[PDB]
Amino acid sequence: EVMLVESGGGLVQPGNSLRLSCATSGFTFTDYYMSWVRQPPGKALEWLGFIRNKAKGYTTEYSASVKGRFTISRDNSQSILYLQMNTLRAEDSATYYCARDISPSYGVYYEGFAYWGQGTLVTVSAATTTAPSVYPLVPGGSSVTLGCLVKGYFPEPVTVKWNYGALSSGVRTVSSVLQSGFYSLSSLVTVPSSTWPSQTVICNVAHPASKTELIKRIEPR
Amino acid sequence: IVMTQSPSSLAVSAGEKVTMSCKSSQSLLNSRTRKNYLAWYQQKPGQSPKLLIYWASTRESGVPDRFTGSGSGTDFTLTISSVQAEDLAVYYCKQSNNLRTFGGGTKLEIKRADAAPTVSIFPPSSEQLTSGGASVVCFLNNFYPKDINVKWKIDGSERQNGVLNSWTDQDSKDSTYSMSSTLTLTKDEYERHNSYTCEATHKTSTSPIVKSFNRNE
Ligand SMILES: C=CCO[C@@]1(C(=O)O)O[C@H]([C@H](O)CO)[C@H](O)[C@H](O)[C@@H]1O
Ligand SMILES: [Mg+2]
């Protein structure tokens with residue numbers, strides 16, 4: 001099973017630097033070129049650069065946009081890829097993905113990124129890291145709609161799950177909104193009235209940048 | 001090499017055919033391998049991109065018949081023979097003949113039959129009120145089309161300040177939208193009035209859907 005996992009994302013002050021890592025497994029690391037790609041919120045993917053495989057001498061190349069500001073390297077003993085980012089500005093705020101690139105020197109070779117990481121969000125801002133507050137949304141028929149209101153967090157993102165991921169049907173999560181320097185969103189779920197409150201409904205709100213998870217059990221008024 | 005895609009977005013009904021274009025400033029045909037180094041990726045909301053087509057026309061493992069890549073040199077196309085609900089996504093082309101470059105992407109949206117929203121109103125929780133805030137939420141669920149309007153009324157008078165509106169992405173299963181409208185007051189503001197009303201206006205009817213509650217209940 002091929003695995004790519006990015007880490008190091010979060011809030012960084014303007015002018016500062018940041019190193020991203022991309023842990024891999026499930027393939028011969030040294031056989032593959034490895035690429036970094038980023039994507040500003042709501043914008044297009046942008047290729048940043050790659051590092052070639054062992055057969056090619058692990059040489060690096062970069063896009064014009066980041067030449068002389070972003071640097072790539074790889075630990076071939078731990079199978080870890082890195083991205084060194086320098087002198088960051090707000091424009092660098094984006095989700096950063098690592099992707100397995102080509103292996104033209106051994107085995108199956110085709111031009112494409114067969115595997116991608118889940119991505120890690122970097123936001124460049126002079127502001128303050130603040131974990132969200134989570135509030136229940138409960139009514140004042142055969143179905144009932146509940147949810148959690150998530151406010152006052154920074155930076156993005158937060159993820160919301162229900163019953164620790166066991167409640168997945170009928171879930172609606174609206175896009176975040178920025179107001180007065182803080183983000184908020186709401187997540188709702190519709191279930192049969194025979195399931196609540198007779199049974200447990202809980203939302204799990206994760207905020208990676210602060211390493212925080214909040215649980216909110218949904219209770220009747 | 002500069003990559004350019006068209007259209008920026010489009011909407012079609014399920015079952016319909018769609019064509020997207022991708023152009024490069026230089027030929028992507030590698031004379032050594034005799035292949036066009038152009039790939040198509042699919043990226044669904046909140047997900048990482050997924051490879052659909054490589055070498056302009058070859059389909060990646062698992063990708064359905066319905067996706068066909070074509071073209072050569074500088075002009076390329078991605079055709080979806082019959083679009084379905086799962087196809088909601090942005091599609092990116094990517095050249096790899098000289099380093100790599102992504103196009104700007106094409107967002108594929110789905111047209112479907114008009115549907116009225118189901119409307120719910122939520123008074124503030126005690127844990128927020130305890131902290132001195134009062135958020136009132138109007139939730140409009142599973143409607144189409146996307147444009148929709150919510151009017152807030154306090155004690156019968158319209159309220160415009162303190163309101164924030166946000167939509168979901170188009171649903172991957174039924175192609176509908178949902179949206180929340182949140183009126184945020186201070187606890188004191190909240191306790192100065194009784195009746196809280198939100199009215200949802202949508203093309204599915206002349207008359208708004210009205211939901212209300214009274215603070216003293
Ligand atoms: C074993 C050849 C590797 O060739 C590379 C390379 O490393 O530079 O170059 C290829 C070009 O087509 C050569 O003109 C491709 O861009 C390929 O993906 C890769 O970037
Ligand atoms: Mg060079």
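Protein chains get the first letters and strands the later ones, always in sequence-line order, with residue 1 at the start of each. Just follow the structure's listing: the first ligand is 1, and inside any ligand the first atom is 1. The analysis underlying the following values was restricted to heavy atoms, covering all of them including side chains, and did not include hydrogens, waters or symmetry mates.
Here A:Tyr33 and A:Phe50 bring their ring centres to under 6.0 angstrom of each other. Aromatic rings of B:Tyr54 and A:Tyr110 (six-membered ring for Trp) have centroids within the 6.0 Å cut-off, being under it. Remark: aromatic rings of B:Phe122 and B:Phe139 are distant, center separation not under 6.0 Å.
By the criterion of a heavy-atom distance under 4.0 Å, the side chain of B:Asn30, and not its backbone, is placed next to ligand 1. Residue-level proximity to ligand 1 for B:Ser96 is carried by the backbone, the only part with a heavy atom below 4.0 angstrom. With a heavy-atom cut-off of 4.0 Å, A:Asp101 does not touch ligand 1 at all.
Side-chain N or O atoms of B:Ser178 include one that pairs as donor or acceptor with a backbone N or O of B:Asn142 at under 3.5 Å.
Listed by chain and number, the residues in a side-chain contact (heavy atoms from CB on, under 4.5 Å) with A:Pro41 amount to none (sequence neighbours excluded). Residues satisfying the side-chain hydrogen bond (donor to acceptor under 3.5 Å, both in side chains) test with A:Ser176, not counting sequence neighbours, are A:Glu156.
Judged purely by distance below 3.5 Å, without hydrogens or angles, the side chains of B:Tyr144 and B:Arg112 never pair a donor atom with an acceptor atom. In the model, B:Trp152 has a side-chain atom that pairs as donor or acceptor with a side-chain atom of B:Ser181 under 3.5 Å.
Proximity of B:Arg32 to ligand 1 is established by a heavy-atom distance of less than 4.0 Å.
Among protein heavy atoms, atom 6 (C) of ligand 1 sits closest to A:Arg52 NE, 3.6 Å. Protein heavy atom nearest atom 5 (C) of ligand 1, with residue, atom name and distance: A:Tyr33 OH, 4.2 Å. The protein non-hydrogen atom at the shortest distance from atom 2 (C) of ligand 1 is A:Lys56 NZ, 3.8 Å. The closest protein non-hydrogen atom to atom 17 (C) of ligand 1 is A:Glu111 OE2, 3.3 Å. Here the heavy atom of the protein found nearest to atom 19 (C) of ligand 1 is A:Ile102 CD1, 3.9 Å. What sits closest to atom 20 (O) of ligand 1 on the protein, heavy atoms only, is B:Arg100 NH1, 3.2 Å.
For A:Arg52 and A:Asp101, the salt-bridge test fails: no basic side-chain N is under 4.0 Å from an acidic carboxylate O.
Residue B:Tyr37 has no N or O atom closer than 3.5 Å to an N or O atom of ligand 1. Considering backbone and side-chain N/O atoms, B:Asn97 comes within less than 3.5 Å of an N/O atom of ligand 1.
Listed by atom number, the atoms of ligand 1 under 4.0 Å from A:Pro104 heavy atoms are 1 (C). Shown in contact with A:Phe50 at under 4.0 Å from a heavy atom are these atoms of ligand 1, numbered in order with element: 20 (O).
Within a 4.0 Å radius of atom 9 (O) of ligand 1, the protein contributes no non-hydrogen atoms.
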For ring-ring contact (aromatic ring centres under 6.0 Å, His included), just list the numbers for A:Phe27 and A:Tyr32, CA-CA rounded to whole Å, side-chain angles, deciding distance to a tenth of an Å, and then say yes or no.
-> CA-CA 9 Å; A:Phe27 63 98; A:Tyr32 289 81; 5.3 Å; yes

